[PDB]
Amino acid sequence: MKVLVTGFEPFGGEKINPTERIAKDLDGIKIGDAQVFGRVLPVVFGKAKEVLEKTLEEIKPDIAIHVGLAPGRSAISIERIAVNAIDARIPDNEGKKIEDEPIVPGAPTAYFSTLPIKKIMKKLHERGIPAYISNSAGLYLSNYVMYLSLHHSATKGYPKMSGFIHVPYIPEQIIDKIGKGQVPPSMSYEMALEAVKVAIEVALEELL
């Protein structure tokens, strides 16, 4: 059993992206006899797909859990659906701001996450971790990778399960926002990391 967890590099002016640390922290760990691989993806259209594809083919994970930062969200959110579209509100890290364009021409308009999202949410709640099911992962890079991963599953037969989890800003990221006007919600790095670990455990247990 192999699990692939991905995170993203910093973007949009942020000095850090907590999901990058999550990926690195989870890399190489083992839950039971399952091997976990953690990889960081660039916040760049095209390049992110290349890295994603290469990683999936290299590792051929049974389960893929892609993690991203969701500025403004107050709790852990588990994505229900990936949409075949790109409409960036801001440009990617290379200045590309793609609008009204499919991710995979001719492919399904959308794919439902194949992670046991309701069971994951339930377990997180039992752990005292606020979490909810999100019905839109946006149309930026998080949705982009979520869709490509699910399309890979539908087209290649692996990973068996694929999904996306968004985490709020961690506290330290709020500091310089205070003087700028508003104070967005945050969640400790420790809780975000544990949330992803829990999702992996629940997904694994689901695979018989």
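Note that residue numbering begins at 1 and tracks the sequence as displayed.
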Of 152 to 160 vs 178 to 186, the stretch with the larger average CA B-factor in the entry is 178 to 186
Comparing 58 to 66 with 143 to 151, the one whose average Cα B-factor in the PDB entry is higher:
58 to 66
Could you place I22 in the lowest, middle or highest third of its chain by Cα temperature factor, using the values in the record?
middle
Rank-wise, by C-alpha B-factor, drop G28 into the lowest, middle or highest third of its chain.
highest
For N135, the third of its chain by CA B-factor is the lowest
Assigned third (lowest, middle, highest) for the C-alpha B factor of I78
lowest
Which third of the chain holds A34 when residues are ordered by C-alpha B factor: lowest, middle or highest?
highest
